[PDB]
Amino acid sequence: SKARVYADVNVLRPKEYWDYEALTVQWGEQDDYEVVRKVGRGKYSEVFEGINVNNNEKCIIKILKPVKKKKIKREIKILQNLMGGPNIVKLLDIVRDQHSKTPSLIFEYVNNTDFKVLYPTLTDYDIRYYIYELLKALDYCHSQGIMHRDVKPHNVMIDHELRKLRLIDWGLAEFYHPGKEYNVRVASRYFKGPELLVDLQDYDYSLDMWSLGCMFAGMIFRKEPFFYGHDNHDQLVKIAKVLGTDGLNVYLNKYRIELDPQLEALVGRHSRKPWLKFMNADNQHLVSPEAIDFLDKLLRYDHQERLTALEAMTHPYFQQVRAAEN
């Protein structure tokens, strides 16, 4: 399998662009940036609101947990390559503690509201707006040869006052090369595409569009997370119970993949559940025919069948957002 768009990006570009292991980091001054308060954390980092003591402007200090050289260089290289692209978080500096060599990444500050409290307040129009802004970031990173591989609401910072969105945490992101087999242990469980769950390793940018579809379904149906599996096997079961197993079998046959007998037994056989079955009184004002058409075009087993980010942005679902911008 191969990406249907942007497959040649890293091929045309000089090796320096994608050869992240050859990067040599130029370290800033640790002292320039002071921690004000903790804002977040995950398996690989802790995140603090900070102050640049020179200009007294706010920043984000991302303190990395013990990480291998290769992986830190990958995140840094991707951030540098993408710096300045639409709605991509801006990496401003890279610093380290002299004693322990603990690295911190320094970013622009976004006055975020956590999705668990933000998303339930969003109007129909705001959902269309913010999904469009997120699509700008994804089309940009894909156009630059990069898959994010961890799209989820936790990685989308929104200053709802300034209507500003940034796609953050490029720590799982990778360069796309035609024919390459990737680790499937990427993306957060609830946002893992079928490709990850059935061990299809030669995946591409389309993985992010599945994750976006999950995020989107969660928003319009007010069911967060939308596919709620307890482990990676259960995650495929949850998907199969929505999309149906008939669709799953054609997919598996196309890419000549056989499931583990344990997984096959858990998946069983399931009818397709139409999208309107998720509609209720609470989500009613969000679940229009255009929303459904758009969602249906993202949540496809076959990664080659999903809308590209560029296509998604042209969907009639976003026509009002485009018109406002034009």
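The first residue of the shown sequence is 1; numbering continues from there.
Undergrad: Averaging C-alpha B-factors over each stretch, which comes out higher, 64-72 or 296-304?
TA: Mean CA B-factor is higher for 64-72.
Undergrad: Test of understanding: from the entry's C-alpha B-factors, which stretch has the higher mean, 143-151 or 92-100?
TA: Higher of the two, by average CA B-factor, is 92-100.
Undergrad: Considering only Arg256, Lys164, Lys136, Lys192, which residue's Cα atom bears the greatest B-factor as recorded?
TA: Among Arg256, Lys164, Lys136, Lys192, the PDB entry lists the largest C-alpha B-factor for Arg256.
Undergrad: Sorting the chain's CA B-factors, does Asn183 end up in the lowest, middle or highest third?
TA: As the PDB entry reports it, the C-alpha B-factor of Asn183 lands in the highest third of its chain.
Undergrad: Determine, from the deposited record, the chain-internal third of the Cα B-factor for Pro225: lowest, middle or highest.
TA: According to the entry, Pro225 has a C-alpha B-factor in the chain's middle third.
Undergrad: C-alpha B factor of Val35, ranked within the chain: lowest, middle or highest third?
TA: Tercile = middle for this residue's CA B-factor.
Undergrad: Rank-wise, by C-alpha B-factor, drop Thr123 into the lowest, middle or highest third of its chain.
TA: Middle third.
Undergrad: Tell me, lowest, middle or highest third: where does the Cα B factor of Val5 rank within its chain?
TA: It belongs to the lowest third of the chain when residues are ordered by C-alpha B-factor.
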